[PDB]
Structures are given as C-alpha cells and as structure tokens.
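Undergrad: Residue numbers (PDB author numbering), protein chains in the order written: chain Q, 74 to 290; chain E, 41 to 348; chain L, 31 to 145; chain 0, 78 to 185; chain K, 61 to 119; chain O, 9 to 161.
No residue lacks a Cβ here, since even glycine has one placed at the ideal position from N, Cα and C.
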Amino acid sequence: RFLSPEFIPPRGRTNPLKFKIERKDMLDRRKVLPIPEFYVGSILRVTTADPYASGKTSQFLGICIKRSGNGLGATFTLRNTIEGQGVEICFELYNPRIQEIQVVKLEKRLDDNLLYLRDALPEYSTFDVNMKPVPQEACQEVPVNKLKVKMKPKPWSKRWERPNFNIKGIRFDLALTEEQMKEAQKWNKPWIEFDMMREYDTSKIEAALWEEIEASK
Amino acid sequence: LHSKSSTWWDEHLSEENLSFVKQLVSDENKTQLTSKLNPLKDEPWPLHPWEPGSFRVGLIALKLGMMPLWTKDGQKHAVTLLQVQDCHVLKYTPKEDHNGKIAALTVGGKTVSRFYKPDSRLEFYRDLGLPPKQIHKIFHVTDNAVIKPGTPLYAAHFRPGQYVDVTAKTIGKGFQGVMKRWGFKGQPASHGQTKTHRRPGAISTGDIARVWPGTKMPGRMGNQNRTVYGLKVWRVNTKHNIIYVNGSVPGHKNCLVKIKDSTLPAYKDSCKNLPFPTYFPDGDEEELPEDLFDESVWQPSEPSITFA
Amino acid sequence: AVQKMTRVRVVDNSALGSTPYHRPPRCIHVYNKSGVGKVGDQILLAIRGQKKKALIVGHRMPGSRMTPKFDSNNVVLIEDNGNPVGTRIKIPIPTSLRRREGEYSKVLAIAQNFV
Amino acid sequence: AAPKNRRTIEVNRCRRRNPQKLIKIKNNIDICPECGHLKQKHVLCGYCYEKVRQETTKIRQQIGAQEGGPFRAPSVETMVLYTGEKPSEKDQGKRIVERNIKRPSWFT
Amino acid sequence: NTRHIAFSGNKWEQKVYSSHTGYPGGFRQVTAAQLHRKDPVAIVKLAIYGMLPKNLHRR
Amino acid sequence: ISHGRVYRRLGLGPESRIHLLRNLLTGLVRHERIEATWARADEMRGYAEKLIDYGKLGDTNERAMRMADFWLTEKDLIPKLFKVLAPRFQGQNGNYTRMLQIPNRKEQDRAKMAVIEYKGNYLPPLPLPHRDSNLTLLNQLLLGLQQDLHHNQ
RNA sequence: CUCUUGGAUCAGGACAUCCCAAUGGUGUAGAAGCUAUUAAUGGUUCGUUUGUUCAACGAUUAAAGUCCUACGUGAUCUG
Ligand SMILES: [Mg+2]
Ligand SMILES: [Mg+2]
Ligand SMILES: [Mg+2]
Ligand SMILES: [Mg+2]
Ligand SMILES: [Mg+2]
Ligand SMILES: [Mg+2]
Ligand SMILES: [Mg+2]
Ligand SMILES: [Mg+2]
Ligand SMILES: [Mg+2]
Ligand SMILES: [Mg+2]
Ligand SMILES: [Mg+2]
Ligand SMILES: [Mg+2]
Ligand SMILES: [Zn+2]
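(1) Could you give the first and the last residue of the continuous alpha helix (DSSP H) run that contains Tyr55 (chain O)?
(2) Consider the C-beta atom of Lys213 (chain E) and the heavy atoms of ligand 4; say whether any pair is separated by less than 7 Å.
(3) Hey, quick one: how far does the alpha helix (DSSP H) through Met99 (chain Q) stretch, first residue to last?
(4) Among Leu158 (chain 0), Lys171 (chain 0), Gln169 (chain 0), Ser165 (chain 0), whose alpha-carbon lies nearest the alpha-carbon of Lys179 (chain 0)?
(5) Against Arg118 (chain O), what residues of chain 0 qualify as contacts under a CB-to-CB distance less than 9 Å, listed in chain order?
(6) Does the Cβ of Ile248 (chain E) lie closer than 7 Å to at least one heavy atom of ligand 7?
(7) What distance in whole Å lies between the Cβ atoms of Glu79 (chain Q) and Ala147 (chain Q), which are believed to be in contact at a cut-off of 8 Å?
(8) Which class does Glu161 (chain Q) belong to by DSSP, given the choice of helix, strand or coil?
(9) So does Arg130 (chain L) have its beta carbon nearer than 7 Å to some heavy atom of ligand 9?
(10) In angstroms, rounded to a whole number, what distance separates the CA positions of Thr81 (chain K) and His117 (chain K)?
(11) Is the segment 310-317 of chain E touching the segment 274-293 of chain E, taking contact as three or more C-beta pairs under 8 Å?
(12) Is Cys295 (chain E) near ligand 13 - that is, is its Cβ less than 7 Å away from at least one heavy atom of it?
(13) Please report the straight-line C-alpha distance between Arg86 (chain Q) and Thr47 (chain E), rounded to a whole angstrom.
(14) Just tell me which of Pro305 (chain E), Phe347 (chain E), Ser160 (chain E), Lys188 (chain E) has its CA closest to the CA of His128 (chain E).
(15) Can you give me the Cβ contacts of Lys112 (chain E) inside the same chain, cut-off strictly under 7 Å, excluding the 5 residues immediately before and after it?
(16) Could I get the ranges of all uninterrupted beta strand (DSSP E) runs contained in the segment 195-227 of chain E, with 3 residues as the minimum, in chain order?
(17) Name the one or two DSSP bridge partners that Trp110 (chain E) has.
(18) Cα-Cα, which of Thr45 (chain O), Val123 (chain O), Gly63 (chain O) is closest to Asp117 (chain O)?
(19) Measuring from the CB of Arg13 (chain O), is there a heavy atom of ligand 9 at a distance below 7 Å?
(20) Closest to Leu134 (chain O) by C-alpha separation, out of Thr81 (chain O), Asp140 (chain O), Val123 (chain O), would be which residue?
(21) Starting from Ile175 (chain E), trace the beta strand (DSSP E) in both directions and tell me its first and last residue.
(22) Should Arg84 (chain 0) go down as buried or exposed, given a rule of 16 or more other Cβ atoms within 10 Å for buried?
(23) Looking at chain Q, is there any beta carbon in it that lies within less than 8 Å of the beta carbon of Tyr104 (chain O)?
(24) Using the Cα positions of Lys101 (chain 0) and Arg93 (chain 0), report the straight-line distance between them to the nearest angstrom.
(25) Would you call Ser341 (chain E) buried or exposed, if buried means 16 or more other Cβ atoms sit within 10 Å of its Cβ?
(26) Using DSSP's beta-bridge definition, name the partner residues of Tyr159 (chain 0).
(27) What are the start and end residues of each continuous beta strand (DSSP E) run of 3 or more residues lying completely inside the segment 42-113 of chain L, in chain order?
(28) Could you check how far apart the C-beta atoms of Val218 (chain E) and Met257 (chain E) are, in whole angstroms? I think they sit under 8 Å.
(29) Spell out the partners DSSP gives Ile136 (chain 0) in its beta bridges.
(30) Would you say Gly88 (chain L) touches ligand 5, meaning its beta carbon is less than 7 Å from a heavy atom?
(31) Can you list, in chain order, the residues of its chain whose CB lies under 7 Å from that of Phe200 (chain Q), leaving out five sequence neighbours each side?
(32) Show which residues of chain 0 have a CB atom less than 7 Å away from the CB atom of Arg53 (chain O).
(33) What residues in the segment 205-233 of chain E bring their beta carbon closer than 7 Å to a beta carbon of chain O?
(34) At a cut-off of 7 Å, would you count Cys91 (chain 0) as near ligand 13, judging by its Cβ distance to the nearest heavy atom?
(35) Given a limit of 7 Å on CB to CB distance, which residues of the segment 160-172 of chain 0 reach chain O?
(36) Along the alpha helix (DSSP H) that carries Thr245 (chain E), what are the first and last residues, could you check?
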C-alpha cells in the first residue's frame, strides 16, 4: 500500500475542511491522468506541452532527487547532465500541461534526499536519454540500491559530513581523515532523537485516508 | 465576609447538571437558526429594482488558507479561501440617524458561546432571536438595497468575475526596532563601530531643539486594520459557502474578515448583473450548481491543456 | 544572479573566449535598472585586457517552476552591432529566450540544443 | 546624564501613590469546608494538604526500612495496611507496608 | 444669515487664513472665498474670537 | 516573536532542558507523587503520558526498550514500567496523570508550586475539590426542568 | 615675508528648477536645438588615482540641480 506523500496533512492549526476540499480536486485530476508510484532515486521521463511554441511537446529524463510540497502544490525535482552540463528542473505533479509521467526505472536509495549528487563525480548523475523501461514485478518489494558515490575535492556546496544532514550514501573514508570525522561530531545534538514530543504519529491519519481514497475509486 | 465575590457559570453546577446545561444550550442554538431559514415567507420588505449609483451589503467570512489555481493559458495563481459561516443582518439605521448621507446596516458572523459574555450583549441578541456572534461591522447601503434584520446571507451573494475588497487586522509582531519596523539601513558590523549596529542615527536637526510629531521610532507593530483593493473572484462553492479570491488577504488563518464589492473607479456599476438586494435560496426558482467557475479558469477533470 | 565582479563562463566557439588565459572573465556592468542580471540580460565583460558585450544564457540561481537551472553561469559574447562573436553553441539553451522582450533570434539561430 | 534639578515631595507623591502602583484586593478567597481554614478557589487547601503529606512521609520512611538499600524497587504493586487489618485474597503477592497507628478517617 | 455677510473692497480674494496641522508639510493657507465655500460660519466666528480677551474665560 | 513555539526555555540550553525533565520524570516513576514548580511540572507532564504509551507496546519491542533506557536513569525502574504501570492503564486511552496547583512556597522566593502524580497509586488521596451535590437549591431547579422536558417529549 | 573639516545614519526646509508637467518667441520645414514665462510634485547611480593648487578618469541614467539648517546631526558611530 503506497500512499502518495502529498495526501498526508502537515500539523498545525489549520482546519481539516481545507484539506478535504483540496483532496477532491487532486483525485479528479488523477482520473484524467494517472500518477505512477515512485521514490527518490528512480529515473523518470516526463512529457509536457511547451507554451511558447504551438502544440509542440517536450520530454526530460533524469533521476528524482527530492519530493516536497503538500496538496495541489506538490513538486519533484529530477536531474541529468547533457553535453557535460548539469541541469535540474522542478516539476509540479498537478500542473495541467503535463501530458504523461513514465517511470523508466523504479528503485529506492539509502537516503530520501540526493542533493549531494551535485558534489559527486559526474558519472553518478549521467543517464542515457534513450534508455528503455526495465521490467517490474508486482509480487515484490521495491529494490534498494546501495551504491556509495565518490566525491570531488573537499570544497563543496554544503558540509555533508556534519551530523545534521545524516548522509549514509557517501564514501567518507576515501575523502576525509578520521581526524576530520571527529571534528564534525562536535555538532551532533544527540538528545533530539530521544524526546517524545517532537514525533508526529500519522498511522491513524494514513489509515483513514486509504479507505476514503479507495472508497471513492 | 460581607464583601464582593466573583462567580462563573460552572461554579455551582453539579455533575449531572454540568452535562445537561451543555446539551440544553446547544439545542437552543439549532432551534433559533432554523427559524430564520425562510426570509421570503416572513414578511420581507419591498424589493426595489437596481438603479445607477446603488450600493449593496457585504458579508463576514473566515480565512481558511491558500492553494494554487491555473487558467486556460497555463498561468498559475495563488488563491485564498474564505468561508461564510452564520452571517445575519442585525440592525438598520436610517440615513439621518447614522449621520452619514447614506444609511447603514450591521452584520454579524461566527456564532460563539454564550457563557463568558456581558449581559448587555446577550439582551441585544435575545431581542433579535439569534445566538451571539463574534464580530459586528457596518456597511453603507442605499435605501433601495435595505434588507430586513434577521435575514441570513450566503456566499452566492457574490458571483465569479467581480472584483472585491477585503479588510482585516494584520498579524501582530510586538514591540519592534527601527530596522524591522521602518526598514532602516543601520550601521556597519566592523571597522571600529562601538555598540551601534541596529540603532537609529540622528532624530532631527539641532536647530529646532525638539522632535517633530510623527517621527518614526521603535514601537509596537502590526495588529491594525488594513484593506486590500481589487481582488478578483475566481470560483464559488455553493455547498460549503466558500469564496476564492485572488492573492493575499490580511491576517492569520481562522481570522474573520469583511468582504464587500470593489470601490475602485473602474468597477463603478458592476452591481447590476449581480443579485441586487441579495441572493435568496428560499425562493428556490432554480438550484445552483455545486461549483461556480470563471471562463478563464481551467477546471480539474478537463483534458490536459495543449498550447495549440 | 550575475553582478559586478562575478566570474562567468564563455559558452561559445569564439577564439577570444576559447583561448586559455590566466584570468577568467569578470562582469563589469549590468544593463538593468537593478544591478541583478538574469537570463536574457546583457552585461559588460572584461576579457584579456579588453571590454566586450555579452549575454547571459544560464545561471545557478533557482527560478520559477518548470524552468532549467544550470550548474555554471554561462554567457555569450556579442558584438557592438549585436551580431554574435562566435558561430556555434553546443550547450543546451533555454526556450524561454524566444518570447522574452528583447532581440534573441540571432543567438537562437546558432544554438543547436534547447532545454 | 545627571538630574538637572531635585524632584519635589509633591511630584514624588504623585508618582508613588498612583493607583497603578497600589496593592490590588483579592476576590477569590474562600473558607474550606473540612477544616474551616482559608483558601483560594483555584488552589488546594494548605491545612488539608499538610495532613496528607505528613502521612506520606511516614509511609515512605517505612518503605525505606524494608528495602534496606538502593536499587531495590519491586516489580509488583504495593499496598498499605494498619493495625487490625489483614491481607485479603486479592492482596496476595503484593508488597505490604505496615503502620502502627489505626487507619486515618480521611484515608479510604 | 452668516452665509450672506459682505466684504468691502477686494477682501474676498486678498484675505488669507492660515493653519498648521503640526506635522512636517502641514502648513495650509486658504483665501476668504474658499473658506466661506467649505464652511458657511467660519468667517464670522473667527472675527469674534479675535476680539475677546485672551484668557480662559474667552472659551 | 514566538508564534507557534511549543517548548519552554529552561536550564542552560536545549540539552540542559532535556536533562532536567529526565530527572523529574525518573523521580515520578519511583515515587509516583512529586512536587516541583508549576512551570517545570507542566512541561514534564507531556513526557510522562507518552512514556506510558511505549510501556504498552511491550517488553520485546526494540524501540520501546531503547526509549525507556534513555529516559530512566536508575535501571531498577524499567521492570516497574513494563510490568506495573503499563498493565495498570490498559483500559484507558489517556489521562494517566493528575496535576493541581499548590499554595506558594514559603522560602523567600515565593514560587508558584504544583503536585503531579500517576493515577491509581497507593498513597493517601489528595484533597481534591468536589462539585456541589444535586440537593442544593440551584441543582434541584435544573433537575426539575430536565424531568419535564424528558417526560414531555 | 607670514598664518577646523571628510564619511556613516536619519533627514527638516527655501526656489534662484537638474529630470518629469503646462506654455510664448525663433535666423522654428520634420528631427534636433538656442532663449523666456509658470509650478516645489517625487526623485536625483556605481567604482577608481599616472600627471592636473580646492582637479581628473571608467561605466551608466529620464536626471546624476544650486543652496540654508552652530562640519544639520560626535550624551548615535567613526577617519
Ligand atoms: Mg517551507
Ligand atoms: Mg554557497
Ligand atoms: Mg503570481
Ligand atoms: Mg504576535
Ligand atoms: Mg547590515
Ligand atoms: Mg559591536
Ligand atoms: Mg523650539
Ligand atoms: Mg503636576
Ligand atoms: Mg508561546
Ligand atoms: Mg528632505
Ligand atoms: Mg520660477
Ligand atoms: Mg549631538
Ligand atoms: Zn482544608
């Protein structure tokens, strides 16, 4: 059972009614266009109509590196390198000028954000434009690709080694001395994981949404 | 002691009566709300036709939140949601009493509890036979557009395509400094500055030997009435009484706002097309669609937009 | 977001940009009411002890949804008359350039890839 | 910056006798039915609460003697008995605390 | 009939009344005719105010 | 501006706040009735409730055991939580603690005080406030009104 | 024969107007310009010293105005 991220409400003081109203419109678009299941790390091809030109479409293939947004404003960003020039485009799922979304390769990665690929070697971001879809098996669990990438020289876009990011998909041993690793651990904040008032349990909310979505079907 | 003591409704209520009184009050609200559902069959005041220069009453709504929206050209617009909730007409002043050239009508909304209110307000509402409302405001209405007190109002009073005006109290930020409050530049961080980073410079010239009234200084910011002009209406939901308005509205979520049609010069006499006195569903000449849209709006469940 | 003294990359086949030099080019002026330069903006460039006009075609700062964000700040050299200095471009160029107010047809002709 | 003039007793009387600076009177004082001592409506009675805490100390003092050391918390429920009382069947296998005095009237 | 007072000479166009709000730029000067248009009683009232003794009993 | 901040600032910092609350929670489990200052007890009340939820999960749950180990400094009390307190509150869905304000401390700082406890303990009962009986004059009139409305439809 | 000013911050005001606005004359064909009348509305940029006795240079702008307010302003800061 895969419940898409946007359906889960964020916590706050907003009324539940505003969420019910938004959900109705989201479901209606899904009947017209089907939104496939995917996770950060999977490769996608998205087709959209080009506004500047007249009745001419566009296609972009890349790996999904982030999923954000709630409700009708949900987004996802996918990355690729063309002629040795890196490009990223941020897409909204419910934008009406998206013709089709195709999951070329469905897979999961160790982390739920891959923004550190900007600092990794170019090979880990390049994907063949014309690669054909790979088979999928219904009676299975989604695969977890456990690749650990290699990084370029130390000056980076962010300090990925620091404990807040919680990166588990970088080969730090190759790039950093053990002395530097202890230097980073001075920012740990160990107590955060053990305080019970910072945790948001959404199991019941997830369950209730499931039947209503299925019931509407 | 032969002296004053203070009380509250729950002080003397026993265990059984505590729940009973809660239930009794809730039923009283429902009976009084249903009775007012039929204005047209309750001796309505005469309904005059529209004439140039006419002004119409407005509503009180609650701010739900925001969401995106798209037009048939693919342009994306952020929109805010306003819900009408138990809006009634309360009191009428004739032109001479109000002291304005025009007459006035008072509107209330958002039913509230009766327990922690002054007696004066409760007596006022008992006369009108309605449960109390959180907020009252005043609207300037012409004689032809006057409406009898006690008549419910609904979101369908507005229709898509018309511009509107909204006013509400802004978010309160407390006592604030000159940099945040008035956007003052401040001073450099380094090069020898001594304990002067975010402070104002000179108040004024030395010659006057005083400070001009109205000088900009630190003080409490926010929590003031502000108005936004010329916001289009994109869509209306008849079932839940929801209005969608272009752009931003002042205040936090769950805050009451005042809605009235635009007073800008361009939209001077657009009221003729809209229901002139108000919208009455009691008439039941036709049942409205659940959702009302504007032509440029791209509705969901329509086919994907192709920029042919 | 290109500004005065920003270092930029010349994505062009012109000899002036192609030839390696000990200093990378730097922006000297932005032809805008604001100082910030975005895609479709001309700037004044300092190259090899010389000044030349140039046009921004990409940058690393986020924009609105559904538009491409590049990994480097890319520029094209433009002659005083407005004719491109170079004869070819290989890196992908955004399609937003077509409709933005300005003269972009000449550069679009020389560019093969549009993203 | 230093004062340029002495402030007079008349001006000073107006600053410190302003109604803003005076002690406000309280309207939430009531009498306790059980003991007859005073209390605030939203607060527990001090005299009545004082009784309970004294008994609580006695019980805990006895609990300390039985255990005999730290880190001896039982894994079974506890119960208190007074002279003249014997464990019931439901009391089987539960720590029993013994008090010399008779059961207090208020304690149930 | 304070609206029907009369001025000798060209006083309607030459007599100026001045006021200040108290804020920078709050100085306003208006002629007699303009003030008479806005308020039909101001001219007569201002004349009487000036001729009374300048003390608290004036008000 | 502090809109939407659900935590108090206590101690010497964020980590110090957790440690102070942990010490109070450990004392509550052992003794089952505690006195602290009103603000501190109110902040710790939330954690006390959530601890009884992990206890319900059971001894064999790996996550529950890890959480209990961190929040109880004295280790003779982990058996107590999983085998005494958790069984006691099986029926209820919440409201495991009772908290009341106590007269101000008489120690020259005059702090606002409170008493917090777990329901169902063996200690002498607290002197709680009782609502008025139904035999009083006002209650009877309301009772009369209820009977008429119930009987007459 | 000799011997207080800059900058930052925030600006109050005058009109002897630099730009924006309404007009007259022309050795005003159009487009550019030169001159005069009326008006204080808001605005009036960013960097740099090899030579220059209170100067100059680069890139721009619709314009980069002239002045008064104990250097307007050091119990707000600084060379
Ligand atoms: Mg955010
Ligand atoms: Mg950076
Ligand atoms: Mg917009
Ligand atoms: Mg606030
Ligand atoms: Mg600064
Ligand atoms: Mg400092
Ligand atoms: Mg003076
Ligand atoms: Mg006095
Ligand atoms: Mg708060
Ligand atoms: Mg000024
Ligand atoms: Mg002049
Ligand atoms: Mg001074
Ligand atoms: Zn008592």
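TA: Here's the rundown:
(1) Here residue 55 (chain O) refers to the residue found at position 47 when the sixth sequence is read from its first residue. Taken as a continuous stretch (DSSP letters only), the alpha helix (DSSP H) holding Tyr55 (chain O) covers 46-65.
(2) In the second sequence, counting from the first residue as 1, residue 213 (chain E) sits at position 173. Under cutoff, so the answer is yes.
(3) What you label residue 99 (chain Q) is simply residue 26 of the first sequence in a count that begins at 1. Run containing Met99 (chain Q): 89-105, per the alpha helix (DSSP H) assignment.
(4) Residue 179 (chain 0) sits at position 102 when you count from the first residue of the fourth sequence. The shortest Cα separation from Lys179 (chain 0) among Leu158 (chain 0), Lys171 (chain 0), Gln169 (chain 0), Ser165 (chain 0) belongs to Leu158 (chain 0).
(5) In the sixth sequence, counting from the first residue as 1, residue 118 (chain O) sits at position 110. Under the 9 Å cutoff, chain 0 gives no residues; its nearest Cβ is about 14 Å from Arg118 (chain O).
(6) Within the second sequence, numbered from 1, the residue matching residue 248 (chain E) stands at position 208. Yes, the Cβ of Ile248 (chain E) comes within 7 Å of a heavy atom of ligand 7.
(7) Numbered from its first residue, the first sequence carries residue 147 (chain Q) at position 74. Numbered from its first residue, the first sequence carries residue 79 (chain Q) at position 6. About 4 Å; that satisfies the 8 Å criterion.
(8) Locating residue 161 (chain Q) in the first sequence gives position 88, counting from the first residue. Strand.
(9) The residue you call residue 130 (chain L) lines up with position 100 of the third sequence. No; taking the cut-off as 7 Å, the Cβ of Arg130 (chain L) has no heavy atom of ligand 9 nearer than that.
(10) On the fifth sequence, position 21 is the one that residue 81 (chain K) refers to. On the fifth sequence, position 57 is the one that residue 117 (chain K) refers to. The straight-line gap from Cα to Cα measures roughly 25 Å.
(11) no
(12) Translated into the one-based positions of the second sequence, residue 295 (chain E) becomes position 255. No; taking the cut-off as 7 Å, the Cβ of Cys295 (chain E) has no heavy atom of ligand 13 nearer than that.
(13) Here residue 86 (chain Q) is taken as the residue at index 13 of the first sequence, counted from 1. Here residue 47 (chain E) is taken as the residue at index 7 of the second sequence, counted from 1. Taking the straight line from one Cα to the other gives about 32 Å.
(14) Taking the second sequence and counting its residues from 1, the one referred to as residue 128 (chain E) is at position 88. The residue from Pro305 (chain E), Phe347 (chain E), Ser160 (chain E), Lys188 (chain E) with its alpha-carbon nearest to that of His128 (chain E) is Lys188 (chain E).
(15) For the purposes of this step, residue 112 (chain E) is taken as residue 72 along the second sequence, with counting starting at 1. So the qualifying residues of the chain are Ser336, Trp338, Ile345.
(16) Listed in chain order, the complete beta strand (DSSP E) runs (minimum 3 residues) inside the segment 195-227 of chain E are 203-209, 214-216.
(17) Along the second sequence, one-based indexing puts residue 110 (chain E) at 70. Paired residues: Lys116 (chain E).
(18) Here the question's residue 117 (chain O) lines up with position 109 in the sixth sequence. Comparing Cα positions, the closest option is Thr45 (chain O).
(19) Start at 1 with the first residue of the sixth sequence, and residue 13 (chain O) comes out as number 5. At least one heavy atom of ligand 9 is nearer than 7 Å to the Cβ of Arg13 (chain O), so yes.
(20) Your numbering for residue 134 (chain O) matches position 126 in the sixth sequence. Of the listed residues, the one whose Cα sits closest to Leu134 (chain O) is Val123 (chain O).
(21) Residue mapping note: residue 175 (chain E) aligns to position 135 of the second sequence, counting from 1. It spans 173-181 - the beta strand (DSSP E) in which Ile175 (chain E) sits, taken as one unbroken run.
(22) Residue numbering aside, residue 84 (chain 0) sits at position 7 when the fourth sequence is read from its first letter. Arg84 (chain 0) sits exposed, since fewer than 16 C-beta atoms from the chains shown fall within 10 Å of its C-beta.
(23) Residue numbering aside, residue 104 (chain O) sits at position 96 when the sixth sequence is read from its first letter. By this cut-off, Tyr104 (chain O) is not an interface position.
(24) Residue numbering aside, residue 101 (chain 0) sits at position 24 when the fourth sequence is read from its first letter. Residue numbering aside, residue 93 (chain 0) sits at position 16 when the fourth sequence is read from its first letter. Cα to Cα, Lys101 (chain 0) sits roughly 15 Å from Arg93 (chain 0).
(25) Here residue 341 (chain E) is taken as the residue at index 301 of the second sequence, counted from 1. Counting Cβ neighbours within 10 Å, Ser341 (chain E) comes out exposed, since fewer than 16 surround it.
(26) Taking the first residue of the fourth sequence as 1, we reach residue 159 (chain 0) at position 82. Per DSSP, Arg176 (chain 0).
(27) 56-60, 72-77, 80-88, 98-100, 104-108
(28) The residue you call residue 218 (chain E) lines up with position 178 of the second sequence. The residue you call residue 257 (chain E) lines up with position 217 of the second sequence. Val218 (chain E) to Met257 (chain E), Cβ: 7 Å. Contact.
(29) In the fourth sequence, residue 136 (chain 0) corresponds to position 59, counting from 1. Assignment of beta-bridge partners to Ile136 (chain 0) by DSSP yields no partner.
(30) Position 58 of the third sequence, counted from the first residue, corresponds to residue 88 (chain L). Answer for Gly88 (chain L): no, Cβ out of range of ligand 5.
(31) Numbered from 1 along the first sequence, position 127 holds the residue referred to as residue 200 (chain Q). Excluding sequence neighbours, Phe200 (chain Q) sits near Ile116, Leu134, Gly135, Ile136, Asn153.
(32) Taking the first residue of the sixth sequence as 1, we reach residue 53 (chain O) at position 45. Going along chain 0, no residue has its Cβ under 7 Å from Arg53 (chain O), so there is no contact; the nearest lies around 17 Å.
(33) Going along the segment 205-233 of chain E in chain order, one finds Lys213, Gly214 with a Cβ nearer than 7 Å to chain O.
(34) Taking the fourth sequence and counting its residues from 1, one reaches residue 91 (chain 0) at position 14. Checking the Cβ of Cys91 (chain 0) against ligand 13 gives no.
(35) none
(36) Counting from one through the second sequence, the residue named residue 245 (chain E) turns up at place 205. First-last for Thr245 (chain E): undefined, no H or E at that position.
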